[PDB]
Structures are given as C-alpha cells and as structure tokens.
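Same chain, two forms, each on its own as structure tokens: structure 1, then structure 2.
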Structure 1
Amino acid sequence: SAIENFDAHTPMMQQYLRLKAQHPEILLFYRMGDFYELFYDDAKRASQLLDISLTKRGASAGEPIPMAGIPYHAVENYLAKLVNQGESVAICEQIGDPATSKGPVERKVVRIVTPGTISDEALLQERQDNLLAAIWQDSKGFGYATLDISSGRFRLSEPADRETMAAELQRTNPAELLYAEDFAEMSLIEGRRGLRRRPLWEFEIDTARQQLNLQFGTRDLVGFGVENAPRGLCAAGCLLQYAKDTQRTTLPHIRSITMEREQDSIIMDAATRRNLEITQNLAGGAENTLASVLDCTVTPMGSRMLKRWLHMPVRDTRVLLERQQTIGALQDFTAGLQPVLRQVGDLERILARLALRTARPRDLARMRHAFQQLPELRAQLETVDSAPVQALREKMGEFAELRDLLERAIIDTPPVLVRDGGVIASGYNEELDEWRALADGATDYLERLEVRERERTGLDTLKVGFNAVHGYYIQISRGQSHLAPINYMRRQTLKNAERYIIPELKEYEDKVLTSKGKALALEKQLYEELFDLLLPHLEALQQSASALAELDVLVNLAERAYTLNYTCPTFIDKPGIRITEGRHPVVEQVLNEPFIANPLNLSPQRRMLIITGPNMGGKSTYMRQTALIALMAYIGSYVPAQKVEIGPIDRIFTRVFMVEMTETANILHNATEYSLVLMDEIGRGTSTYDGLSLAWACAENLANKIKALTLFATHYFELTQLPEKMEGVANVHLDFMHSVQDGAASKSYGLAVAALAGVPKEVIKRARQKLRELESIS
C-alpha cells in the first residue's frame, strides 16, 4: 500500500481534498463544468445509492481515482434520491472564470442539502411538516428545539423526564435530528431517521445566546420568553448554527423563537397519541384518523397547521373561546371563502424560497395569484361579525403594489426556471424589449432570406436552419449540392445533405445570438431585482400567510362542524366531563351503519367508571371518543355530541406484563385530579389474583389519592365492588351491543363468548356447572 501525499496530488485533487476535508462524513458534489462529480468513497457510495456508473480518473503519478457524476441540470432528481435515503449532500460550485483562472477554478461549498433543511417544493411533502430538530441532555434534564426552515417557525422546550421527551419526538417527528455526542438516553433516539451526531461544543450556552441574539437582532432574549431556558437554548443554538451552515445564506424568515411550556397545553404521551390516531393510524398510514375526518382544508399550509393544532390542544381559555366564536361566525360563509382561499395555495413555503433567494418564476406567479385573492377575501370577511375574524382580515394584508409589480414584471404562465429566460414580461423593461425586438428582427430577416435564396438559386431543397453546434446555415440536398452558388462556404456535411454559410447569414447570426445573450442576462438581473423589492415586506407577508393559513383552518373547522353536525362545548370551573349523545368522530364516518351515541357524566363526585361487559371494541370506542371529544374541545373546535360541558384537563393518558405495569406506573406517578385517564384491562399476573390485586390497588389509588377522571375498563367482576367501598367510583357496562348502561355487567359473559366461539356444548355445560360451584362457595 503506497503512502499518500497531498503535494503529489494534482491541483484539482488538492482543491477537492481540501474541500472534501471540510465535509468528511457526507457526500460532496464537486462541480466540474456541466457535471457534479464525486471521487473515492463518495463515488463508490454514490454509484450504489444513486444507481449511476462508477468509473475512474487517470493519474500518471499514483493510482486512478474512483469517479462518478451527473449533469448539473438533473441535480434535483438525485438530491431527492439521497434526501429520501436520509443522506446529506454538500454542493460545491465553481466561482470565478476558467478563462481568467491560471490553475483550477476557485470552488466554494455554497449549500448543504440535508433532510431537515430542504425548502424545495420537489423535495418536500405538500401537507406534511418537515422539521430540523436538536436534542440535548443534562444532569438536570432534557433540552429540545425544532425548526420549520420553510416557515421559520422556531420553537424550544425543556422536558423534565424521558417520558415527556419521547412524547415531544413522537409529536414533532423531526426529519433530521441533531444530538450531542454525550447523549445518555440513546433508546429515545436510536433507530430514528436523520440522526446527526454533533460535537458537544455546538451546544454551548454562551454561543447559543450570542448566536440567537445575533439572528433575531436583539440584545437579550427576555422578550421571546426563552431567556431562562438554557437547556433549550443550547439545543436551539446547535440547531441555528446547523441551519445557517447548510443554507449558507442569511435566513431573514427566522424572526422569533417560542417556549412551548407544558402547562400551556394538554400533555399527551407517545402511546396516547398513537392510540387516539390523531394524524396516524395504528398500522402507520393516515387513513381513518381524526385528521382524516377534520382536515378538509383547501391550502397545504392550512392542512399542516390543523395537524399541529390537533397534537397541541391549548389550555388558554381566551384562545379557545376565540376559536369557537370564529367558527360560529364563519359557518354561513364557508362555501364563499373556501374556493377563494384555495387559490392562495402554500404561500407559507413560497415565502421561504423568497427569503432564501431560491424562488422560481412559478413561485412568484403563485405569489402574485395569491395577492389577487386578497381583495376578494377582505370583501367577504368585512361583513363577518367577529373581532378574531377582523383581526385575521387585518393581518391578512393586501399588498397592492406587490400584486401590481408581479403582474407587470412576470408573464402569465412563466417557465419553471429563469435559467433559459422567458420569465420577464414585455413592457416591464425598455432595454429588455429592445434586445428582444433585435432578436426577432434578425429572426424575420433570416426567414425572408430563405425564400430569397431558394428563389435566387432555384433549388427547392434549399432551407435555412440552426444548429447549436454549427450555428445558422443554408442546407441543400445531396442531389442539388453541386448547384450551390460560388459564395456559399461549406460549414457542415451530412449523409443526404450539405450545409453552407455566407457573410450575410453569419452577420445576423452574431446579431441574434448577442441580442439573445444580452436579453437573457438582463432577465436574470431584473429577476434578482424583484427579490430586493419583495423582501423588504417579508415580515408582513409571513404574517399574511400565517393569517391565511389560520383562516383556512377555522373556515374548515366551521364547515366540518356543520357538515358533520358538531356542537360547541362549554367550559366549566371544576374538573369534569358531561357529554350528551357523544360520538366517536372517526368511527361514525368510516362505518356506514348509524353510530350509537352515548352519554358520559364524570364529575368530582363521580370520578371513576368501572366499565364491565363483554370483550369487544365498544368499550374502547366509548373511551377513545371521550378523549377525542375532550381533545377537540381543547383545540377550540366544535365536538361530536348533542351537548358537552368540560372542565380543565391537564393531560390525557390512554392505556390500551412489565410494559403494562410501567405504563400504569407512569399514570400513577404523573396523573392529577385534572387528568383524563383511560385504562383497558390491566391485570396481567403470574397467578389468579395478583393481576386483580394490582387492578384493585391502582383503581383505589386513582379514586382516593389521585382523584383523576378515570374510565377503567375491566373483566374482573371483583372490581364491580369498588363503588360499594369507595366514594367517587361507579359501575357502567356496554349493553354488537354498543350502548352504555348504568350498573355492572348483568350476565357473566365469558361462557357466552365461548359458546359463540364454538366450544362444544358439553364443555360449556361443565363450565356452567363449575361456575355455580365457585360462586356458591364464595
């Protein structure tokens, strides 16, 4: 094995290796003219991942270099491939002109494509958030931060325990997760997509505070309410540095940061989120979820917002009551607003590409199309009687000048890129129109030159054409080649044809090519000028898009409440849930059968229901719908019931061997009289009574000590004695029965199921006999 030496490498590889040294662990697209190339292991790994060929490059001194590459113009196709596989990619471009450059051309990494920092439409998921996130652990606790780089929505939290930290990850579901080398709880993180093991120095608190205050243009972060969250700031700092390092542009759209403090929302553990299937069914998909029923939003940003709302039920009554008002007010105007709102589209993500200076002509056209809907929406919303709605109407904005600007500046349906020109509309720039008229002037001249020359020569096959390689030409067929005029200079030969050039033709070639080149250059300059004109209003536009997205969510939840017959829940002082004709919002929609509605009456005096009765999904649905009604009430939506009075709820536990006892312990430790606890048939014991013993003791603890609002489904008939012994406990039972009755389950229903299951009549009779023997002694 030979000894490598940087001085022995060719200037190109010297340049490459110096750049690659800055990105050892990730793939580097070193630009070489029209191709983005890769070398050594990068080439080997790329050829496997991207399904491209692996070749070599010569070196007279040394061994040949593994090579692989792709044309620059098809880069987005391959970035998509790598990003879906969780691979980061460094984009190294050519800076400086090879004509002027003596050695290899100067080459900087201009950006780094990574799963959590993508802002391109083609790589992103329309109705799904894509979050970069950072996670930090301390001797005192955890520190978390997330960033939607396409909206600049930057948040921060400081979970106390891993149970809350696991819930954060479940809820937020980051696409790329930064973490410290010294992270203790790898179990939380291991086997996650987009893992990024960062060095411990990036989570420095003094740099984080410095770097965040720099970004936000503040001297202290007291205003953002994150000043006393150092664990969070350490994560936020690490994240912001990464975000910057990958984009390598200024990130103006990241204006603020927010503490998400647990007391402000209804806490839900990871299991409880999955059991309630809020945005994700138990099988993994999105069908038959609460979101699948509620989300009929017309814009992607609205869809994404509503999903965030569902996972973060707010506890702030002022916010809740304002949503209810807005929902009631907008019910008559849903048909009117929604068609117009639809035309605004995903303005949120368009503005990110504006902020990053990556917005393509279609983005600005869609942005222009969105501005055109604004006067219409303002007209509709003026008559709506709500302070919340009028606030949104105000925040929504009008942007008349910008609407006008883009109407003038860009054509009706522009191309996908500016690269080839044709984006800018005529009349916007006088210099540009002149250059285009010169190009079309030479176009005309050349057309009349064709008919002139074929007349003048008398050769019917005589044509005028253009070749990218050889320029303009006069083509004559093989048969008539000999009759070409003296002044025709042959420029190209084909099998059945000959092509010539004359000074007149060459003169207007130079005319049209310089004209087009001049125009193309001017479009690109005029296009970058639009960014300088629009970006001064970015904060106002970001607010508009936020108003428009929230307006979509509320108009949607207004429409859903009507179309699905929901009612407005009332809030009460004391803990309790009082549902009349309650329904499961998803099950009633997926089943074509009519849903059997049911009541619920939980109060401080009636805390725990022991739900005996047969095995089936009726119990689970009764319990789950109770949670989903509470959840929906606390996102400010209407709820699937005839009437609902609901008191404060601090968190929802939805429990449905040791894994059972751990989850039960989690409930007993963290539950409080403001908690909604849903438990299904715990009591897995080594023997006959040890499961019952714990089932008893937990129920006992949940009723006397914790006093949580508990639905406690069980098969133990022994637990139907709890109301006799304890204050606050009561019996209900489901009697396809599907209707909740007061009192305990009437039959002993195990043998009945065994009969249905097909156990021999003889065997059931001997059980029925044995059952009497057991009951008569006890």
Structure 2
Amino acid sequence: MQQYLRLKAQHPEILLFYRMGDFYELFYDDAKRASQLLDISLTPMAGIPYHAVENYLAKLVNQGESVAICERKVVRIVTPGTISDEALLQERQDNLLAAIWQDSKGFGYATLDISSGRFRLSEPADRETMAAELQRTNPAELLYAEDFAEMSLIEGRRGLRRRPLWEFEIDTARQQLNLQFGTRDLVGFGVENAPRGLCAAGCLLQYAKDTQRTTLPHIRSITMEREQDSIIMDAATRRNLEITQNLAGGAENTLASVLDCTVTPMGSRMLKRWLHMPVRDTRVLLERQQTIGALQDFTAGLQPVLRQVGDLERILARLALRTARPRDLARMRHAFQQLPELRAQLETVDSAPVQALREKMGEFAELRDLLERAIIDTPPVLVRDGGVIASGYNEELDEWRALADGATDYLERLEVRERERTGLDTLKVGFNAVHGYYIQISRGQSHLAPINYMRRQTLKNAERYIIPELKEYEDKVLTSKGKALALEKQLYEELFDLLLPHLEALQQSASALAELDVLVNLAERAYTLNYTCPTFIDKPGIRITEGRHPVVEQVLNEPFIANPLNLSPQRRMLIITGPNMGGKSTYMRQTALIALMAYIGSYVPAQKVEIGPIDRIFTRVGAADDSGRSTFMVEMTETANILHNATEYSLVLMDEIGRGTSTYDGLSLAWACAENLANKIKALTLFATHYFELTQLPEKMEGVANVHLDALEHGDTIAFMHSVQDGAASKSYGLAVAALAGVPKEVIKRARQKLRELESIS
C-alpha cells in the first residue's frame, strides 16, 4: 500500500483520511494524534464509520486540525477557519480565520468570518493590545509569518499555520484586495493607509481562496478597528467578568446567559460580539438606547416572527458558494415569508434607526414567489434523488413525471391481473437493482407459475420471474425518472442563477434582521429585568443608585441587596474593607458589568446611572492559580499590567493585593499601589483590602475614601450583610468563623489574645 504513503506526501502537515470500505482510516502518526483526539482504538491504524465522518470532522476542526479526505485521490479538504457546512459549525459561536504578522513598527492583524463575509483588520499598538485581540477574536485558525518574533503570543493556540514571508507583501495585498472588492483603491473602506493590517488581510484572503477554489462574492468589504473605538479589556479581565464564558469553561452563569435571549442564531452571535467589544462613541450608543426604548411595546409581536427567519446569514454563505441544499432554500423562502409581517409591525415604531433597519430588511417578493413555485413545501436533505421541484413549475418535468406514474400505474394493474389469472394469491410485483422489476410467487405456489415466466432468482421461500411485458414498462419507468431527475437538477442550479444577482441586498437583509433580533432582545431584557437607561457625562465618573450584579441577581433565590456608587475626579478611589463573604468582589464586578453594559448601548441594572468616558477596564478580582508561576506571582503580574497601562479614563478593580507574602511586604506593596493609582494614574478605582492600616489613606491624600461591608452574628451562625456603607470596617470575623467551623475553644482564646497584642502595637 505505497499508494497511501506517496499520496500522504502531498499534504504531509495535514491529517489524511483514507477510504477503506465503509470507513476512513488513518495510519502511523495520523492514527496516533487521531486516537487521543477523538477517543477511538489505536489498533498503527485507526478509523471512523463513513456515515459519521461529518461528526468526526466537526470534532477535528473544532480542535484546530485540518483534514484531507481521500477516495484514490485527495478530493476534499476542510480547514478549521474556512468551513461553511451547517453540520461542521456551531449555531451560536463565531468561527473565525485570522492572520497575524509583525513589522518593525508593530503588529498587523486581520480576521474573517467565512460565512458572513465580515472582514476586519487592525494594527495593535503593542504586545498587550495584540494579546487582548487574540483572546477576544479567538480564531479557529491562525495564519502567521515565519519570522514571527514574539511567538509567546500564538504558541499554544490551536490551528496554527506557518506561511512564507512572501505571502505578506503589501503591493500584492492591495492588488488582490482591490480586485476582490472591485475597487481601484481602499480609501472607501478607510484602510488605504494601513499597510501592516493590509499585509495580514492579503495573506488571509489568499489562504481562504486557495482553501475554497471558488470565488467569494460575499466578501465585498473590509473595516478597520481603532484602539480608541472600543473599551479595552485584557484576557484576565475578559475572563474574570465572565462575559460569554464562566471561570470553569462553561457557558452558564455568564453575562450572556442572562442577556442573550435572542430568537435567531445570527442575532446571538452578533450580541456576543457586542458584549466583547463595547464602543466608546456615544452617538452609536444613544442610537441603540433610543431603539431599545422605542421597541419595548413591540417585543411580544416581533420575536415569534423573527424566530422564523432563522440563520439567514449562514444560509446566504452557502448560496454564495453554490453549496446551498434544498432545505437551505426552503428556510430562505420561509424567512422571505416573514418580511411583510415584520414590515407592518415596524411601521409604527417611532425611531429613525428602526425605520432604517426596516428598509434595510427588504421584501424580496419576487424571490419569495419564485421559491414558492419552484420547491415543494418540505423538500428532502439532498437534491441527489430529486423530489425537490414542485409540480406546475416546469412543463417538461410535469410530463416526464406523468409518464413514469403512468408506467407505474400499469405495473400495478399488471400485478392484480396476473393474480386473478394464475389464481396465485401470493403473487406480486416488486423492484430491485440487480433484477430491476420482477414477479414474485411463494415457494409453495411457484410450481404453478405460467410456463412463459422466466426464472431469475430463488429465495428461501419464493421464486422471482420476468416477462417481456415487464421489462417493457421497466424502461418506461426508468428512462422517465432519469430524465425527470436530470431536469430537477438543472432547474435547481437555475435557482442559484436567479437568486445570486440579489446577493448584496440579501446580505444587508440578514445583517439587519440580526441587528433587530439583538435590539428587540435588549428591549425585552430591559423591560423584563427592570433596567434603566444610563446617561453619559463629559468627564470620568460613575454614579450608580441601587445597582445590582446582573447575573448574581437572577441566579440566587435570596434577595439581592442593591448598592450605590459615587466616583468622580474628586472621589476617585474607594478603599473597601470588611468581610470575606461580605460582598466586596460582587460589588466590584457589578461596577464593571454596569460600565460594560452602558457601553454596549443596553439599559443597565440600576435605578439610575451617570457615567463618563472609559478607555479600559481592569479587574484584578478573584484568583491566581497558574505550568504556573505561583499565585502571588500572577497576582503581581496582573497588577503590573494595570500600573503600566491604566490612565485617568480607566476603571480599576483590585481585590486584596498583598495576600500570599509577608505582612509588611504585602502592606507596603498595597499602600504603594493604592497611592500610585490615586495620585499618579488617577484612575477610578475600587481597592478592596484586608489591611486595616490602609484605611488611613483618606487622611493622607485627596480623592480617596473608606467604604465597607459588615456582618451580623445571630442564632448559631453569621449573616454577612451586603450593604456598602461609608467609613472603615471596625470588626474582623475570622475568629468567629473558626469557632463555627469547630476550631477548639482553647485555640480560639489564644488567637484572640494574640490578635489584640498584634493590633495594639499598630
């Protein structure tokens, strides 16, 4: 079997599936990696059943592996960043291709969603912004230049693809990009003067094209992302705020789990994009708020109708690629059938943005009518066997079908005729591939078959025969069906030619429907969850009245205690003191989440919110735990990131810095960090701490005040109160907890004596 080997040499860096009967089999290393990735026997050879290959392809692709199929020649390849088949994608997750490269001036980065055609480029200012973008976009497949210096950024990621340096040449990029978009220059996309980014996108587009060997007419635009356009959040922050993913890798108990009740998969994905990239331009935000408010009373009637639109976005991709299947057209039709109802319901809404979405949504009455006449109500999965084109659409087809039915009705009458004649009740006509049509009689009656019957196949308990009057009509049936089938196929490909001219307007429509779904959803969440519209002020500041954690309040069956916050250039840092279980962390995270939601355009969980501009959010809240430096090391590294990068427009949340080292070292560090944040950086800061010594800071510097949480001892337990009050904590509860936990009474008494001794010299 040197055929497999020599054929593997073609794509050596890609897993090779080799058709062997009703299975695909991998050999050698390929068998290895495959077994430990899919959990199957490493009998070296491994394999998977032909009827489940798409399942295993989805898994491999999900783990960043490209896969070449073979049936003997490489007839198909799938790469993680360029798949478009529904079976291989996850409904509610974006699947991106990206390219990264480094210049002497900085980084170049680009991403592509091969289904929607959403194409973005950027030029991250440094290793830190780059890391945040990599984490935010989370590409399924990453193209990188060989000479990539700072490999620490991408090493460890799945789907890494090393590419030759010549693939990142700008002259070639501009040309290829201009040709793809059909323009002479890129000025209209606002990227004409962004070479690094362009080099990344040029490489990406070429890879995509090579992977598809098809035109990509749905990729008609590209957009540049600027640092100042969005609130910046690093991986740790992004992780610690649990936006779309909890700290345990799951999806429950995240912000998305409470905010994302969209009715469409494209809506869901778009909402997740918004959550991860809050915008800083209040014009956009004011527009989103207005819409949220205007849509309120229309939510109930709009959602069930929007639900029927489905994932038009991804279907449209298969239309552009010419791989759409009968039920894709059926769903597109069904989606077109909702447009007039959506138009009529949106007509009354007093909102310029809603009216624009309403126009952008379109109608497509012609395409609607076409698919109504061309395809049957509930077509099969594939066109392969026909039965997709409805009767009455084409005259020829209608005829061939009438002949086949006629020849079929004859053979049915032939059966009843041959029965009464021969008088053999077991007699019937059946069809098969090997023998085509045939006549069957049971064994016990077979000896009475007419002499003109020719014997073709004996079964355990029956004989099958043929006669000329049989093979005659078999031809009438087979030749007819065959033509009908060929016709259906041609009529089906014709549907593509009639639909594709409107591709651009169809893409705008799906885009609009996706945005409506997002906005209608946020309108329903605000009204349902008692949110309020925040207002924007000129200078940095946050004023919350009765704010809540939007996730914790929906999960716990205990009353959530709402809390105020007042931060301004005059009251810039709060030293938060008190218990562990008291509510410090929650209180800090809800501040960040409220800021985030305000900068997505959504209403927020409070009675009132006034908030200034915010360039970035830092949350050093929660835990260390790495392969893993050490808790204190990590905690200090994240602190260093905040002190090097925060500005006066930053929101900073710090959670008991100092734990994990000596008392004096830890106290000295916390004091110094807090002083630098307050007097030099001047960022709006929530500084949680266990050090009572830090509560003297407000008497040493302006812009710093003490707030705290307290507890209540009652019965045989402790009730950690969750109300933030002014001033410093005056109690500690560590000994009380130790007593409840069963620490022997003698030890507690000795610890009490030691505590007072320690706290007094202070």
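Numbering for residues begins at 1 and runs along the sequence of structure 1. Just so we're on the same page, rigid core means the largest C-alpha set that superposes within 1.5 Å between forms.
Asks: Taking the rigid core as reference, which of 596, 502, 124, 267 is displaced at the C-alpha by at least 2 Å between structures 1 and 2?
Replies: The one that moves 2 Å or more is 502.
Asks: Tell me whether residue 368 is among the residues that move between structures 1 and 2 (Cα shift of 2 angstroms or more, core superposed).
Replies: Shift of 2 Å or more: no.
Asks: Aligned on the rigid core, do the two forms place the Cα of residue 309 2 Å or more apart, comparing between structures 1 and 2?
Replies: No, its C-alpha moves less than 2 Å.
Asks: Comparing between structures 1 and 2 on the rigid core, is the C-alpha shift at residue 34 2 Å or larger?
Replies: Yes, shifts by 2 Å or more.
Asks: Would you look up how far the C-alpha of residue 19 moves between structures 1 and 2 when the rigid core is overlaid, in angstrom?
Replies: Residue 19 is displaced by 7.7 Å at its C-alpha.
Asks: Report, to one decimal in Å, how far the Cα of residue 168 moves between structures 1 and 2 once the rigid core is superposed.
Replies: Residue 168 is displaced by 0.8 Å at its C-alpha.
Asks: Rigid core superposed, residue 82 Cα shift between structures 1 and 2 in Å?
Replies: With the rigid core fitted, the alpha carbon of residue 82 is displaced 3.8 Å between structures 1 and 2.
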